[PDB]
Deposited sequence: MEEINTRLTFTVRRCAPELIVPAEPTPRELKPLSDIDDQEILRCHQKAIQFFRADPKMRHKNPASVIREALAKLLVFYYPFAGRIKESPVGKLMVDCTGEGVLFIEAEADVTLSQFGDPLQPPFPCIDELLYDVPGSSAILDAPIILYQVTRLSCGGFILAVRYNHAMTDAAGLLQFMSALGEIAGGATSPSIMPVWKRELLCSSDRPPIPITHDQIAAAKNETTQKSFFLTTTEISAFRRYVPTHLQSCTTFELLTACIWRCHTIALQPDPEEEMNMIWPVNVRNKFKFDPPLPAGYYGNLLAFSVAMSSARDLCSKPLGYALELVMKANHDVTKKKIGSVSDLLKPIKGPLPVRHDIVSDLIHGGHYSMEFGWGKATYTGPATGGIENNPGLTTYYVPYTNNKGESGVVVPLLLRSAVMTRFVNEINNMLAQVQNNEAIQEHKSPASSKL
């Protein structure tokens, strides 16, 4: 299992972080976050990144300035994003729309866009410096909800890095928002999709980083040595059953502890909501599927055991298809288990954002839970092999036991 390493490094320097408030008076109100947005597994942040190449006609236009003026203008419509999230009695989250503003960082880097590769894919170097974690902002409550870093590159290109409070929006909502930002920086009067709230509809009253590469041939090879009755499995399912079982064998937990593997599902493509969703909704619309087993059964039984659990969990959430949003979209049931890993499927453009410099040359993820939290990215190496890159952050011993265990599985798949 190949480790991918970024041998590139460079020096970043950033101004001191600033607060961007909406450019015009906006409603000062308390807006309810939905039962989907405020579940435990979403009380985290997430990181996205886009790379933009130089545009010769955009000379005399510093990208940080363009973006921060457009942020101010766009926050008039998305004004809750300038708010602060607070907790009421019985655990309901609210956005206090105070206009205190989103965090912003203008920076420069002694590096060129082309030095990130061609094609440019993860891992990305110096990402902790390209999306600086300002102290106290890692908080869910009373902290700025979103953070931008615009790093200018020596070629005149630039980097747009975002950290956002996952209680506020999901990847899809942030995409609607970033496309509204692109439109406003394009000169638009207002967004094409006028956002709405309506989240009441979903209210019911020692460590180590690393990135590893598995080629498609290795994945499909796996698919050959699982029982025929499980061969309809997705690449995602097979990869997730591998990761879950290998990680558990690496953790070596108490035999009876309940091991959970959890992943989100975008439902927009899937269900047909009978009261359909509002046109500009941008809260969370993720379903979550949960696969659970004793540590002893995961480590004791072959990969087919884990794989069946993953595939069947992947249809618990897909099986009821028409009705209300409150009917088909539920939070995870209880408090999160002690033992839970989180995987996300990213093998899927994120196109049509244009800020004057074109559409991004790359848009994707970047870089709490003490389990394993990772995502799958597409990757093609220098010889042409397409496959998946899995960024892992584990205690070093757990990492090498994990790597060795998936390498044992590769050894088995090839011996057979």
{"item": "Deposited positions without coordinates, collected into consecutive stretches in sequence order", "value": "206-222, 366, 386-389, 439-452"}
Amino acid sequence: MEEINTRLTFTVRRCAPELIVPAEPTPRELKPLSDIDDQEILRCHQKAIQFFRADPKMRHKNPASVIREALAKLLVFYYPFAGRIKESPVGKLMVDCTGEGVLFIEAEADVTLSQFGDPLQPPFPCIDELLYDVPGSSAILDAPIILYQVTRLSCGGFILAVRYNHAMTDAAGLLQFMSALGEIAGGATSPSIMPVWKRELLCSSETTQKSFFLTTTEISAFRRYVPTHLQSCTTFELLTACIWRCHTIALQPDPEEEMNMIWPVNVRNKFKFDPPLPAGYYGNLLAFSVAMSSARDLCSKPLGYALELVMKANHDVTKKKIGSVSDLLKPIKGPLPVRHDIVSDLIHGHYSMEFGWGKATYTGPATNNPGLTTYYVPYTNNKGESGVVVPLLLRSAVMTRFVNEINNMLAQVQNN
From here on, numbers count along this sequence of modelled residues.
| query | finding |
| --- | --- |
| 80-88 set against 295-303, stretch whose average Cα temperature factor tops the other in the entry | 80-88 |
| 110-118 set against 221-229, stretch whose average Cα temperature factor tops the other in the entry | 221-229 |
| Deposited CA B-factor, highest of 216, 176, 260, 240 | 216 |
| 355, 51, 379, 375, ranked by C-alpha B-factor: the highest one | 355 |
| Residue 264 by Cα B-factor - lowest, middle or highest third of the modelled chain | lowest |
| Chain third (lowest, middle, highest) by recorded CA B-factor, residue given as residue 391 | lowest |
| For residue 271, the third of its chain into which the C-alpha B factor falls | highest |
| Ranked against its chain, the third holding the CA B-factor of residue 153 | middle |
| Modelled-residue ranking by C-alpha temperature factor, third containing residue 58 | highest |
